[PDB]
Amino acid sequence: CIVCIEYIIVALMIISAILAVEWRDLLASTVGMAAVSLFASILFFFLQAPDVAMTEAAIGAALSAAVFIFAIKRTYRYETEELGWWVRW
Amino acid sequence: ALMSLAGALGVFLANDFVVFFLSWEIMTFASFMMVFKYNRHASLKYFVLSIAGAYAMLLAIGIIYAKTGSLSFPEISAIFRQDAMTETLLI
Amino acid sequence: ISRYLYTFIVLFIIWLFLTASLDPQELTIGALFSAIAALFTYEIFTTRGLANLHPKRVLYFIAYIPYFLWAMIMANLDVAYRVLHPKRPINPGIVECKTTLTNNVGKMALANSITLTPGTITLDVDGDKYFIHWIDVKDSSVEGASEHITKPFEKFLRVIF
Amino acid sequence: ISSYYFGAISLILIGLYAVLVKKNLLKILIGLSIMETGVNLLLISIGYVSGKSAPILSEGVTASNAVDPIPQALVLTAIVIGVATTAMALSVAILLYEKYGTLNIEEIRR
Amino acid sequence: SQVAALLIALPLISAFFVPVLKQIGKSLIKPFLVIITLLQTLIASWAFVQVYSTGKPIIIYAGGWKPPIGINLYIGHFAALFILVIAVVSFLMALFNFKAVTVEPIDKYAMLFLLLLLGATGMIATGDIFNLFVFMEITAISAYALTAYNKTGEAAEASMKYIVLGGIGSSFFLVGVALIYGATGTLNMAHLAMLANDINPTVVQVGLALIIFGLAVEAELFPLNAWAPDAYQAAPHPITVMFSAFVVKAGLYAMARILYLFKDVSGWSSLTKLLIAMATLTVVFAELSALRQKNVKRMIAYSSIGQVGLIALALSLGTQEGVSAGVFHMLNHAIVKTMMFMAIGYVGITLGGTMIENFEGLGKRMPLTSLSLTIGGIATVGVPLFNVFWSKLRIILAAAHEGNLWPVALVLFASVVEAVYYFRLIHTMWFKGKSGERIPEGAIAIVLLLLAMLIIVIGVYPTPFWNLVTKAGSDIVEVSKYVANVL
Amino acid sequence: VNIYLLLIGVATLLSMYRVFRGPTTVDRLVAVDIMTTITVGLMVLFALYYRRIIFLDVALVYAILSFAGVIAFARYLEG
Amino acid sequence: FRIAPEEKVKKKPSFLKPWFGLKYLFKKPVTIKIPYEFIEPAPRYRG
Amino acid sequence: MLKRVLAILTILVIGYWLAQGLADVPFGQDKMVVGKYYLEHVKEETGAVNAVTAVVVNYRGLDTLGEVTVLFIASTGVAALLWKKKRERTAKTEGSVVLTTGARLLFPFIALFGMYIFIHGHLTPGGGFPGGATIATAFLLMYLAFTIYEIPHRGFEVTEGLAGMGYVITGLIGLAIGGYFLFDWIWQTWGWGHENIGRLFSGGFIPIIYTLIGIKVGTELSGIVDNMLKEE
Amino acid sequence: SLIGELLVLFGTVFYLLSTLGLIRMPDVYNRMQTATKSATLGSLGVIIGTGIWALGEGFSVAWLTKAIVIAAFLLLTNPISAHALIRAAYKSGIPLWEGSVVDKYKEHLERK
């Protein structure tokens, strides 16, 4: 079709946006960020501007998502939300 | 103590207002900085009160420069004669 | 020193394939950039120097890339047949296969070709054998060959050097 | 409304929502990067003329038939603006766990 | 003449030549910064005496494409003055930071400083709204990297809230640019103001509100400020000057530029009636949060926000008798806040830290650097015949004809409060000492004092300098002589 | 030229089930990695749809930048 | 013997200083929702 | 539940405000008031038949300059935020050998192709930035599949500043006449110019500036991931 | 030509049955194997199909050249993706299905 795949891509970007912030696992949040860069690149290409599509491909796919998990390497991986005696204090 | 006397000759020889409040502020500062040598709590109380007086005068001159339009003190008595024949109980 | 122009030749022919309308008034620019990309890093393609220009060898590989692709299409249609609606359940495999290949790009090529056959996913190549995430286990737990799990790609990768 | 307008403003919406309510710091940076992504998506989706389309050919396609040559230059900087700002903020996200002991906004007390 | 286009290119080429000489040695790294900002004062003074020679600004073109299709650098009567004062302040910083910041890797600090100078001469020369955004993001990431450059936990977090707030504001600013372009289709402010009268009354409101919003976040008023009395408290001492002198003025000018570029549309009056209210809300909160303040660097950090809020008070009130006097505060408060963070910086580098307990006792112990803090703290309330007295009188008289007596009795209330936390500070450094340690510091005993004699000459002669801002108000007051001096 | 497009849209929202549900930490990763290749095969398909020779120039660039991402996501999991 | 103050303990009353007891309008409230978040008593609780 | 629901209310009124503010035009044609000049005068005024590479380096000529200023400032900012004089790898935890040899042979396959992107801003879309970012990707593949791979820093950021200087020296020797004036196709300064208008004799001035900016942004992100993969 | 119009149909039914095979798998490992199988050979089928779509149609032939470039590039890059996805998935727990034998990799870890 014409507009139906557009609605599919845009609702897929929204469901990968909402589920990019609902998770606690930060590696999963980098996964959601990479999928958002995916659907943004596809929407850039489908809106007929290939310059921004290939630039956002080379930036958001493995220089914004692969720099973020690159930062959670020597940091946390969970939310660490905690059972317990002296807890939630 | 000599800056204060030049404030004192300034307020008395003030026939405009932009020489008036300048000289008044210089006088307030010079008197404060004279009594700002010991017992700071006594000094700063005088400074806060007299700055509140100086700057409430700046508020009043802001209102009487707004409502009339002109700033000059000799002619501003003439236009008060002009409306001599609800915002002025604040002034 | 001859492997440098070997890397130049491979980068040049990839540049030739990448640009459909190759013009002689354009090709000097790609030849220049293939040259600077070669002299940047030509310490990478060291598969025993330049000596891969054998007319038997490249004809062997191009004659057996449809051999590869026929294995891929047949094995992938087989794993498409594996999706039966209540039935044909796949159990995993862990079964191993040993190699005798030097020229470590051959270990790459065996791992890639076995990853492109029915589901035989490589995991953790060591220096003696391979470890394969196989399909439904009926052949063997340890395999003393390769023809029971895969097709003999080991004989044609034996002559990649 | 068209899907591009709603989807670009909802990506900015979700990126804004991930700054207010979330508590882990790297989740806040995820919200910043998402919101910048939706911003440059809106920045492209302003000039689509619904029709004639070849921004870069000008050889096989006739001229005066390309789409929006102004925002494609506004977005070529404004994307890598986002990755440079994110690469800058990630260094602070590393230093805050190195010097302090945690990465939660209610526990970082100077 | 486009020969004076080196206000951006010369800091650029020198900031790209300083990582070229970072491996050639260690000696000529920090002395490479002083000679270039001296060359910056030279190329600024060229533009300064060429702008005030005639009545025409230099329309620095971006090539062989006349505006609006290209970028124009309208270096107006405003711009040459501010490029001059940022050149002389950065040259005062370069001869300061030579022996005051060597604790940390100054191997790469020089390019970060000079790129802030690039964002400086870019931000107060921009003509395109795109170039406005790009130079503001240069200054923003400069500040992200340079308020974090101490790596001490309390300074690491001091950047963090600013990087996430400047990220959200730049995001909103690009949305506002996309909406103003979405109605008009043009970008250059010359072709924008002649068009933005009948584009759409319901589209220009949200775009202008979000543009003023997203340009305000990198500056300070009420919500988006509290990173700034966290940035001055935790930064290298020379860049606390260059932030408190410069970066507040570029944001407040470019906000008050583009606000006076759309002065015909509906809903604009409510926008400036919000901007009045938020500026009054920031002269009270900032200059009253310094009252029970312990750290003396924070005690000046709160004071620098309260002085820029009253700049915002008269930069968006009317058209005249106070916009041309609002600039009279921006070129004046930069000098007196250069004096403040010099003295705090020299205390923090000589004695150690900025706590009052190690700030107490500087009458006999320290030389006339303490007199420089004295004559600086005198000039923020503006008591004697000084320059902030002249300027604050011009701003309070500016808030007469429109927005009166409530947006006066809060800014003028704060100077009563600011009268308190200075003479609780000058008293505990001159008349509480009990400690005669000579500790000679005669390397700034002349240079800060020739600066301290620069506020004593403008204090007695404002009319050789107040005639400048009459012809330098002509870049913000109107649109018609601005546009006709472009097209 | 037209029917394949709606089939690929059916394919990608049918792959959405693995990233929404799925209790493990890596089933989401196998969800995104397959989602890139089907959209690369989408991006080649639109070159037929808009008849443009330049629209393949983004497809191979996205065929790189999936692979770097999924190595980087699956390298901290091992080290 | 070792009397601590002379007037050091006695403090000054204050108008609007109780607003610093209003700080916990936004922190997490310290309670345990007993249906059903359990407590796990001590390893040697007397029972 | 108070904070999330109240944020959803305020963000719904924000989105409704923007959507009511998005009532300019339903994706119509009437947008270019100055934008038609960018399209109808791009084949003869610059030389690049590409639309976006002529508007952002020649027309909006001080905006890829602020862009490389932003990327260079990101490099020097991350390098100033992380500085310890030790700079060791993490534990390096090898893991696979079809990965190291996998990214070994694949490293010049991206090095050939990333250069192809930034040399071609004439008929191909893009510019210097996707090619430079995938050159950084190739650097990352060799950096995330080996046990050290420390490219020598003394001699690495020299060429980054040299490439930025190579941009600005085209502005400074461009100042031999006027503001920019391209120095390359309209006057026979060092070589010829304006041969035809295809992908032959490299159009006008736009390719060599993309080689230089692609070299700058190519060594940009590789340095960032380098000094961010360094422990004590 | 028309043979391309059937080959891309074969590749897109291969795509759809691939994606159906992703959700019709019990555990992680068979989910990973069948997804990296059937979504990367029908890929090359589609790409060479679009090339021979442009054999006589299209403009001349040059789409086939870029098609064979991206196909031959996509053919060798997804095996390394599947390996590095699988190999990291064995660490940090992540157990397998009820297989016949799984221990031969575990025992050759703990051989010491």
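Residues numbered from 1 in each chain as written, not as in the entry; some residues may be left out. Chains lettered and ligands numbered in written order. Part of a larger assembly, values for the part shown. Heavy atoms only, no water. Residues with missing side-chain atoms left out of burial classes, pairs and counts.

Deposited coordinates in this entry are attributed by the record to cryo-EM, at a stated resolution of 4.00 Å.

K.L.:
Would you mind going over the side chain of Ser324 of chain E with me for this structure?
P.N.:
Residues and elements named next belong to chain E. Relative to the elements of secondary structure, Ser324 occurs in the loop between α12 (296–315) and α13 (327–352). Judged by relative accessible area, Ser324 falls into the buried class, the value being 5%. For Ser324, the side chain forms a polar contact with the side chain of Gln320, separated by 2.3 Å. (Helix = DSSP H or I, 4+ residues; strand = E, 2+ residues; numbered from the N terminus. Buried < 20%, exposed > 50% of the residue type's maximum accessible area, 1.4 Å probe, protein only. Polar contact = N/O pair within 3.5 Å; in protein donor to acceptor, adjacent residues only side chain to side chain.)

K.L.:
What am I meant to see in the arrangement of the chains here?
P.N.:
Take the 16 pairs of chains in contact: the one carrying the most contacts is chains E and H. If you take every C-alpha in chain B and every C-alpha in chain D, the smallest gap between them is 33 Å, and the two do not touch. In this structure chain G stays clear of chain I, and the shortest span between their C-alpha atoms is 28 Å. (Contact = heavy atoms within 4.5 Å.)

K.L.:
What should I look at first to understand helix α1 (residues 3–15) of chain F in this one?
P.N.:
The periodicity of an α-helix, 3.6 residues per turn, causes residues three or four positions apart to be oriented the same way. Over its 13 residues, α1 of chain F extends 19 Å from the first C-alpha to the last, a length consistent with the 18 Å expected when each residue adds 1.5 Å. Here α1 of chain F has its buried residues at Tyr4, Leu5, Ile8, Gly9, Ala11, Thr12 and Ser15 of chain F. One side of α1 of chain F holds all its buried residues, which, seen down the axis, span an arc of 160°. Packing partners of the buried residues in α1 of chain F comprise α1 (4–21) of chain A, α2 (17–20) and α3 (27–50) of chain F together with α1 (2–23) and α3 (41–53) of chain I. (Expected span 1.5 Å × (residues − 1). Arc of directions from axis to C-beta.)

K.L.:
So what exactly am I meant to see when it comes to the interface of chain H and chain E here?
P.N.:
When the parts of a complex come together, some accessible area is lost, and that lost area is often used as the size of the interface. Counting residues at the interface gives 46 residues for chain H, matched by 55 residues for chain E. Between chain H and chain E the total buried area reaches about 4,600 Å² when both faces are included, carbon and sulfur atoms providing 76% of it. Sorting the residues of chain H by area buried against chain E places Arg60, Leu62 and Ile73 of chain H first, and these three jointly supply 13% of that buried surface. For the interface between chain H and chain E, the tally reads zero salt bridges. (Buried area = accessible area lost by both parts, 1.4 Å probe. Salt bridge = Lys/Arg side-chain N within 4 Å of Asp/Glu carboxyl O.)

K.L.:
Is there a simple way to think about the UniProt feature "transmembrane region" (unreviewed entry) in chain D in this case?
P.N.:
When the UniProt feature table is mapped onto this chain, "transmembrane region" (unreviewed entry) is found at residues 5–21, 28–50 and 70–97 of chain D. What you have in residues 5–21 of chain D is 94% helix and 0% strand, and the ends, taken at the C-alpha atoms, are 24 Å apart. (UniProt positions renumbered as here; feature names shortened; annotations may be inferred.)

K.L.:
I'm lost on the environment of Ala63 of chain D in this one. Help?
P.N.:
The topology assignment puts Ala63 of chain D in the loop between α2 (25–44) and α3 (71–78). Along the primary structure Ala63 of chain D and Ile105 of chain D are separated by 42 residues, whereas in three dimensions their C-alpha atoms are 54 Å apart.

K.L.:
Any chance you could explain the packing of aromatic side chains here in plain terms?
P.N.:
Pairs of aromatic rings are described using the distance from one ring centre to the other and the angle between the two planes. Across all of its chains, the model carries 66 aromatic pairs over all chains by this definition. Between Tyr260 of chain E and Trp268 of chain E the ring centres are 6.4 Å apart and the planes differ by 40°, which places this aromatic pair in the tilted class. For the cation-ring pair, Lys471 of chain E lies above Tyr52 of chain E, with the distance from its terminal atom to the ring centre recorded as 5.5 Å. The ring centre of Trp23 of chain A lies 4.5 Å from the NZ or CZ of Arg28 of chain F, which sits over that ring. (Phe/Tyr/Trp six-rings, centres within 6.5 Å; stacked < 30°, edge-to-face > 60°. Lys NZ or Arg CZ within 6 Å of the ring centre and 35° of its normal.)

K.L.:
Please clarify how the interface of chain A and chain F should be interpreted in this entry.
P.N.:
Taken residue by residue, the interface counts 33 residues in chain A and 34 residues in chain F. Both sides together, the interface formed by chain A and chain F hides about 3,300 Å², and carbon and sulfur atoms give 81% of it. Between chain A and chain F we count zero salt bridges in total. Taken together, chain A and chain F are joined by one residue pair in polar contact. The set of elements that each furnish at least two residues to the side of chain A that touches chain F consists of α1, α2 (26–46) and α3 (50–60) of chain A. With 11 residues, the top contributor of residues to the side of chain A that touches chain F is α2 of chain A. For the side of chain A that touches chain F, the class distribution of residues is 27 nonpolar, three polar and three charged. (Nonpolar A, V, L, I, M, F, W, Y, C, P; charged D, E, K, R; others polar.)

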